[PDB]
Amino acid sequence: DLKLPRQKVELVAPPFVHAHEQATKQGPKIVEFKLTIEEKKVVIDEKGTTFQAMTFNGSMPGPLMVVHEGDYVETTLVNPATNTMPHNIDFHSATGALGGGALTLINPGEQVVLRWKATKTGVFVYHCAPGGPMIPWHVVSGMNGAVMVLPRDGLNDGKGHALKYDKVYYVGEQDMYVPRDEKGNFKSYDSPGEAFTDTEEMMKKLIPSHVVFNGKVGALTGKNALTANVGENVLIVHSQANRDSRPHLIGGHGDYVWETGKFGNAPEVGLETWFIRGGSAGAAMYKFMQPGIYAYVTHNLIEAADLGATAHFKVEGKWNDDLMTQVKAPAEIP
Amino acid sequence: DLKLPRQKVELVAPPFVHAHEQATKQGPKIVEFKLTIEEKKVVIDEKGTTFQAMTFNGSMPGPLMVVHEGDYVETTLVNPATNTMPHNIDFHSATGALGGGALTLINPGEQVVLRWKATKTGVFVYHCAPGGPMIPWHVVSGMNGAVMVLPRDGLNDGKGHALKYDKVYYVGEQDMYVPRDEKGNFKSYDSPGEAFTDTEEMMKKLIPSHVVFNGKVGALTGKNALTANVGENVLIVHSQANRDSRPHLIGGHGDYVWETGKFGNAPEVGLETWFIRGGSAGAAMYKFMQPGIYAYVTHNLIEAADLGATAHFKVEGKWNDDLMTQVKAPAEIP
Amino acid sequence: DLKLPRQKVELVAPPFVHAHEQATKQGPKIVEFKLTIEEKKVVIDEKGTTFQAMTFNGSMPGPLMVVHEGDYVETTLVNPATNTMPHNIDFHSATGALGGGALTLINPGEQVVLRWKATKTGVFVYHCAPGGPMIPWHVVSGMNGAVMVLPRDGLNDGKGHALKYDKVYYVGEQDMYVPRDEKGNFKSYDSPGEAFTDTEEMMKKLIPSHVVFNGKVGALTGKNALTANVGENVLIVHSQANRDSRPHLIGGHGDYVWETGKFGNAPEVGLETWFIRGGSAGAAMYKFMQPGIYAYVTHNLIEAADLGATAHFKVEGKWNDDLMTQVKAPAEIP
Ligand SMILES: OC[C@H]1O[C@](O)(CO)[C@@H](O)[C@@H]1O
Ligand SMILES: OC[C@H]1O[C@](O)(CO)[C@@H](O)[C@@H]1O
Ligand SMILES: OC[C@H]1O[C@](O)(CO)[C@@H](O)[C@@H]1O
Ligand SMILES: [Cu+2]
Ligand SMILES: [Cu+2]
Ligand SMILES: [Cu+2]
Ligand SMILES: [Cu+2]
Ligand SMILES: [Cu+2]
Ligand SMILES: [Cu+2]
């Protein structure tokens, strides 16, 4: 007999986030979301390597869901008959039934509706978890995303001062395990089922072949670079459902960082690199001070440069010579 | 000339913890413990894989020792003549002589008695460390446990409020390195000595074959599941003497977490996943809100599901539909 | 038109640090440093294994630079014509142009001068980053160091009390990737260029062959052990530019630790083991209470004992029997 107002949310593909309020005068609502599972073969790198992906809403990561503390989140999970496997969903933000996993197992052709109360603030992972050895396999195949539960008064610095972001991006990092053949080339498979045996063997050795943001090498570069202007406060939500990450904004800092991702704790200030524990999401805010290109990386630099984990920001505005200047350009040594 | 009262403790096998007070009106005491080293071949998985273990008190991990700040901990370490190797003990809680290691080296047939003052609060690792390449080998063979040094006033939230647990469990995570033969089956050995060469070769490649709680795959499941009731505040002490872990209670949270394990620091609140640095112990408290099965895992899900690192909690009590409800059971898609 | 006083610093090889003030009554200055790149073949272990190193100032790590908040750091980077490759420098302490990387790319025979304002306090990594796959390779070849930006009032405990160190050491940890030949021996190369192909192949598998402090196995042991006396407060700055580390002082503690390395945040107290995220520097202070040998290690004990990551401290002073005592020396079991 829960008779609160209902509000539908139109989810958007990462790294964008659906429109929301930070601080709100709204009371609790039932916020309604729909996720549709899609299994699909995708290209994950510039050499054309393929991968048997399984996704929420067709994307890796799944879309960011945003609600406020005390809202009730009502999710319709749909597993169309064009898929081959059972799936479910586990929200780390939710309390009971294995985060909802025990109440959302659906075969192809079925859908289910789960409601949970958002009692804990922060950014949290959600992922598929359909039992036993299937749990890691579905997660590293792409079935993970995040939810952000905001305080009703918005974010604060722990010292009584509001922290308002001008925009938010969601960067989902995915460790992928693509086996190679005898000659050393990556293998392609006709189905997730067929990829399973070789993939599981590789997974158990714990070293990924690729580590990517937003599903592919170079996904957040070029035309699809993240953007900002000098003076803008940007929130970057970062998730990793299986393996640790160490985010770093090259040329900037984390001005305010919740590395464990939970807004009941004050943020740390002035970080160079932060740490996202496997199975969690964290958040970092930075006010841009300089224009130009920034790279956002995990600062295992082999992963960043060689396995796929680099995004770009293109920042517009005026160069600040007080902060940094080339005193003398490259010249022959005297 | 230390003339304080003496108190004997009867240690109990993990994941249980010997009876103790949280807040106490006792002053400092000499608390007396005995550890007896046992080298033994054990079965570590459901397929019957064997492992040359070396243990304190016959268990992996070694038992949790519990004392209060300012107590003196007096340990009798015994290395029976049925063992083959020298051993010692290093307490991370202790100050000087390599944590006691430099004062406790004993050959088979010998015992030693060490006393140290508990000047630092928290949960701390203890482990064998008998010099050079032997140090990692003895530790990953099972020779590690933990000690908890409580404040005399018990635990607090950093905001002046007492945090009292209704029960405590100790989960010791062990990375194990079992070599395989040419055909790909795990190897068995007649002695720790014989296992050394092949084991060291594998250890240096840094990828474990198994990652287990309480010594074996499935140790804390079934009849030996951890238990609680809705409304109970449970403290989970987690240690890892060699390699990082990322504990996560599936379907719950860390309400209060000391991830670095030290009670001089306020706990963080409302975590989804926490991080236990290799060579440390941490502690997390959670008040159960829902009945049913929970899994406690490291949230590298490949390790949890495929290499052995999953425990269960079975929780009794009344389901709370406000927190979570199946709005519509699995049904055919319209 | 920046007309502040100028101050030259004579850099010193790690683990020592150039003379500096903690708290200062000086106002902002332009502090001038020079770094000269050297590519060179070095011996990294006791068996005589060689490695194609690339360094700032001839050392791994590069020297620690120390300044105060609000100073301007003016660095002359020199790439002599005896080197074979372009190089640059990226300061994590600096704001804009990829930390200076985009303004400091120099071919052999060139030098450049960069100035940046030290707006953020803490210890920060600096490293070479000359684009694409070259970035990880130059960093794991040795091209990394750290800078420490002190508050003008010196360090504090977060509770209003000054924390003054009697000495500081800089420990730079380096993950190295040396390939092996068919028979299993480490390979030697005539040039960095020639080492590249085999080295990159190994790097992408993410497991180092060696993990060393100050450039070599056993660098900070023997004649070159770190030293202290009972009663001395020592600051240990630890950096790792590519891979996580878990520092631990065997027989001691971290009394005050900034594991994320940033002095805008209060230190944690009473740690056993702390965590240095890959791409960062952290700092820990400890007041020695006992004489004798301590080991400082990463507490992945396989790395510490088998791959090279152990330093020693030799501490002079009076043994404290209250803190720790051998009650009964090794004796036959009754
Ligand atoms: O930012 C969150 C933090 O801010 C405060 O409300 C005020 O200090 C704390 O109680 C909380 O942990
Ligand atoms: O919970 C431990 C914390 O609680 C306090 O005593 C009170 O804020 C702090 O000084 C300490 O760090
Ligand atoms: O030590 C640094 C910390 O000390 C304080 O200035 C006083 O509590 C804090 O504002 C800061 O985070
Ligand atoms: Cu699934
Ligand atoms: Cu999970
Ligand atoms: Cu031993
Ligand atoms: Cu140890
Ligand atoms: Cu370089
Ligand atoms: Cu960097």
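Within each chain the first residue of the written sequence is number 1 and the count goes on from 1 in that order, possibly differing from the entry; residues lacking coordinates are omitted. Both sets of labels track the order of writing: A upward for chains, 1 upward for ligands. Only heavy atoms go into the side-chain values, all of them from the structure, while hydrogens and water stay out.

This deposited entry lists X-ray crystallography as its structure determination method and 1.660 Å as its resolution.

The name given to chain A in the PDB entry is Copper-containing nitrite reductase, with the source organism recorded as Bradyrhizobium sp.. As recorded in the PDB, the entry bears the title "Low pH (5.5) as-isolated MSOX movie series dataset 20 of the copper nitrite reductase (NirK) from Bradyrhizobium japonicum USDA110 [11.4 MGy]". If you open the UniProt record of chain A and go to Subunit (unreviewed entry), you find "Homotrimer." Turning to chain A, the UniProt annotation filed under Subcellular location (unreviewed entry) states: "Periplasm". UniProt positions are given in the numbering used here, feature names are shortened, and annotations may be inferred rather than shown by experiment.

Here we come to the environment of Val 234 of chain C. All names here are of chain C. By definition, any uninterrupted DSSP run of H or I lasting at least four residues is a helix, any uninterrupted run of E lasting at least two residues is a strand, and each is numbered from the N terminus. Mapped onto the elements of the fold, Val 234 is located in strand β15 (residues 233-240). According to the relative accessible area criterion, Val 234 is buried, its value standing at 1%. Once the C-alpha coordinates of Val 234 and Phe 124 are considered, the two residues, 110 residues apart in sequence, prove to be 19 Å apart. Ignoring sequence-local partners within four residues, the contact set of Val 234 consists of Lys 167, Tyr 169, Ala 228, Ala 284, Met 285, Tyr 286, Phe 288 and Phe 313. A simple rule labels every residue: compare its accessible area, found with a 1.4 Å probe on the protein chains alone, to the largest value its type can have, and call it buried under 20%, exposed over 50%, or partly exposed in between. Residues count as neighbours in contact if any of their non-hydrogen atoms are within 4.5 Å of one another.

Our focus in this paragraph is the coordination of the copper ion (ligand 4). Residues and elements named next belong to chain A. Donor atoms from the polypeptide that bind the copper ion (ligand 4) are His 87 (ND1), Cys 128 (SG), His 138 (ND1) and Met 143 (SD), placed at 2.0 to 2.5 Å. Only nitrogen, oxygen and sulfur atoms qualify as donors, provided they sit within 2.8 Å of the metal or within 3.2 Å for Na, K and Ca; with water excluded from the atoms, sites may seem incomplete. Working rule for geometry: tetrahedral if four donors all subtend angles between 85 and 135 degrees; square planar for four, octahedral for six, if opposite donors exceed 155 degrees and the others stay between 65 and 115; irregular in every other situation. Classification of the site at the copper ion (ligand 4) rests on its 4 donor atoms, whose angles at the metal span 86 to 129°, yielding the label tetrahedral. Positions of the donor residues of the copper ion (ligand 4), expressed as sequence spacing, correspond to H-x40-C-x9-H-x4-M. Residue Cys 128 is located in the loop between β8 (122-127) and α1 (134-140), and its partner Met 143 is located in the loop between α1 and β9 (144-150); the two are separated by 15 residues in the primary sequence.

As a further point, take the packing of aromatic side chains. Each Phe, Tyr or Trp ring, with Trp reduced to its six-membered ring, pairs with another whose centre is within 6.5 Å; inter-plane angles below 30 degrees give stacked pairs, above 60 give edge-to-face pairs, and intermediate values give tilted ones. By the definition in use, this model includes 36 aromatic pairs over all chains. Ring geometry for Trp 258 of chain A versus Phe 263 of chain A: centroids 5.3 Å apart, planes at 85°, classification edge-to-face. Assessed through its relative accessible area of 10%, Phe 263 of chain A is described here as buried. Look at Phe 91 of chain B and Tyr 126 of chain B: their rings are 5.7 Å apart centre to centre, the planes differ by 50°, and that puts the pair in the tilted class. Taken together, the residues span a long stretch of sequence, with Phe 91 of chain B in strand β6 (residues 90-91) and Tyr 126 of chain B in strand β8 (residues 122-127) at a distance of 35 residues. Under the relative-accessibility criterion, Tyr 126 of chain B is labelled buried at 0%. Aromatic rings pair up to connect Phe 16, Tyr 169, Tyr 286, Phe 288, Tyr 294 and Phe 313 of chain A into one cluster. Each ring is checked for a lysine NZ or an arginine CZ that lies within 6 Å of its centre and within 35 degrees of its normal; such an atom marks a charge sitting over the ring. The side chain of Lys 262 of chain A reaches across the aromatic face of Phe 124 of chain A, ending 4.7 Å from its centre.

Attention now moves to the site of ligand 3. Around ligand 3 sit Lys 159 of chain A together with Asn 156, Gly 158, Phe 263, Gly 264, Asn 265 and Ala 266 of chain C, and those are all the residues in its vicinity. Chains contributing residues to the immediate surroundings of ligand 3 are chains A and C. Whenever two N or O atoms come within 3.5 Å, that pair is a polar contact, provided that in protein one can donate a hydrogen and the other can accept it, and provided that, for residues adjacent in sequence, both atoms are side-chain atoms. Interatomic distance of 3.3 Å between a side-chain N/O atom of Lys 159 of chain A and an oxygen atom of ligand 3. For ligand 3, whose free accessible area comes to 320 Å², the fraction covered by protein is 59%. For the shell around ligand 3, the residue count by class is 2 nonpolar, 4 polar and 1 charged. Near is defined per residue: the residue qualifies when any heavy atom it owns lies within 4 Å of the molecule or strand. The protein chains shown are the only cover counted for residues, whose accessible areas, like all others here, come from Shrake-Rupley with a 1.4 Å probe. Here the term charged refers only to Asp, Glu, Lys and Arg, the term nonpolar to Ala, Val, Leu, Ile, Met, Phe, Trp, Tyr, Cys and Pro, and the term polar to all other amino acids, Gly among them.

This part takes up the pairing of strand β16 (residues 247-250) of chain B. In regular strands, side chains alternate between the two faces of the sheet. Residues and elements named next belong to chain B. Here β16 shows no split at all, with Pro 247 and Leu 249 on one side and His 248 and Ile 250 on the other all buried. Here the rule is simple: two strands pair whenever DSSP picks up at least two bridges between them. Note: β16 against strand β20 (residues 292-298), 4 bridges, orientation antiparallel. By the bridge assignment for β20, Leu 249 is matched with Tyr 296.

Turning to unusual backbone geometry, a few remarks are in order. For the bond from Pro 14 of chain A to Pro 15 of chain A, the omega torsion is 5°, close enough to zero to count as cis. Topologically, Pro 15 of chain A is positioned in the loop between β1 (6-8) and β2 (30-43). Positioned with a positive phi, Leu 98 of chain B is a non-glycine residue whose angle comes to about 55°. Structurally, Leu 98 of chain B is set in the loop between β6 and β7 (110-117). Even without being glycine, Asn 214 of chain B reaches a positive phi, approximately 55°. Turning to its location among the elements, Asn 214 of chain B is positioned in the loop between β13 (210-213) and β14 (226-229).

For ligand 1, the full set of nearby residues is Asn 156, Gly 158, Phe 263, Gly 264, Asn 265 and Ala 266 of chain A together with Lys 159 of chain B. Residues lining ligand 1 come from chains A and B. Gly 158 of chain A is positioned such that a nitrogen or oxygen atom in its backbone is 2.7 Å from an oxygen atom of ligand 1. Between ligand 1 and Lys 159 of chain B there is a distance of 3.3 Å, counted from an oxygen atom to a side-chain nitrogen or oxygen. Among the residues making up the shell around ligand 1, the classes are represented as 2 nonpolar, 4 polar and 1 charged.

Here we take up the relation of the copies chain B and chain A. Aligned on chain A, chain B shows an RMSD of 0.0 Å; the corresponding rotation is 120° and the shift along the axis is 0.0 Å. Such a combination of rotation and displacement between the chain copies is what one expects of a three-fold axis. Scanning chain B for the C-alpha nearest the rotation axis identifies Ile 207 of chain B, at a separation of 5.2 Å. In this assembly, only 4% of the residues forming the interface of chain B have copies in chain A that are likewise at the interface, indicating a heterologous arrangement. Their C-alpha atoms serve as the basis for the least-squares superposition of the copies.

What follows covers the coordination of the copper ion (ligand 6). All names here are of chain B. Around the copper ion (ligand 6), the donor atoms from the protein are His 87 (ND1), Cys 128 (SG), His 138 (ND1) and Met 143 (SD), and they sit 2.0 to 2.5 Å away. Bound by 4 donor atoms, the copper ion (ligand 6) shows angles of 86 to 129° at the metal and therefore tetrahedral coordination geometry. Considered as a linear motif, the donors of the copper ion (ligand 6) on their single chain read H-x40-C-x9-H-x4-M. Exposure class is identical for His 138 and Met 143. Each is buried.

Least-squares fitting of chain C to chain A yields an RMSD of 0.0 Å, with the superposition described by an axial translation of 0.0 Å and a rotation of 120°. In this assembly, only 3% of the residues forming the interface of chain C have copies in chain A that are likewise at the interface, indicating a heterologous arrangement.

We now examine the interface of chain B and chain A. Interface size is commonly expressed as the accessible surface area that is lost when the partners come together. Facing 47 residues of chain B, the contacting portion of chain A comprises 58 residues. Each of two parts loses accessible area, computed with a 1.4 Å probe, when they are put together; buried area is these two losses added. Both sides together, the interface formed by chain B and chain A hides about 4,100 Å², and carbon and sulfur atoms give 58% of it. By convention in these notes, a salt bridge is any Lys or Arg side-chain nitrogen within 4 Å of a carboxyl oxygen on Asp or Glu. At the junction of chain B and chain A, the tally comes to 5 salt bridges. Between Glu 259 of chain B and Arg 277 of chain A there is a salt bridge whose closest N-O contact spans 2.6 Å. Here chain B and chain A share 26 residue pairs in polar contact between them.

Attention now goes to the pattern of salt bridges. Taken as a whole and assessed by the stated rule, the structure comprises 48 salt bridges over all chains. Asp 71 of chain B is paired through a salt bridge with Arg 152 of chain B; the nearest N and O atoms lie 2.9 Å apart. Taken together, the residues span a long stretch of sequence, with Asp 71 of chain B in the loop between β4 (64-68) and β5 (72-79) and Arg 152 of chain B in the loop between β9 (144-150) and β10 (155-156) at a distance of 81 residues. This pair shows no difference in class: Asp 71 of chain B is buried, exactly as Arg 152 of chain B is. A salt bridge links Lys 314 of chain B to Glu 316 of chain B; the nearest nitrogen and oxygen atoms lie 2.4 Å apart. Classification of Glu 316 of chain B by relative accessible area gives partly exposed; the value is 41%. Via salt bridges that share partners, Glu 259 and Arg 277 of chain A, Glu 259 and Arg 277 of chain B together with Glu 259 and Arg 277 of chain C belong to a single interconnected network.

Take the UniProt feature "binding site: Cu(2+) 2" (unreviewed entry) in chain A next. Here, the residues flagged by UniProt with the feature "binding site: Cu(2+) 2" (unreviewed entry) are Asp 90, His 92, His 127 and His 299 of chain A. In three dimensions, the annotated residues from a span of 210 residues occupy distinct locations, with a maximal C-alpha spread of 28.7 Å. Looking at the secondary structure, you find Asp 90 of chain A in strand β6 (residues 90-91). Assessed through its relative accessible area of 2%, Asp 90 of chain A is described here as buried. Once you skip the residues sitting within four places of it in the chain, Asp 90 of chain A turns out to touch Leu 98, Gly 99, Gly 101, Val 125, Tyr 126, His 127 and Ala 129 of chain A together with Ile 250 of chain B.

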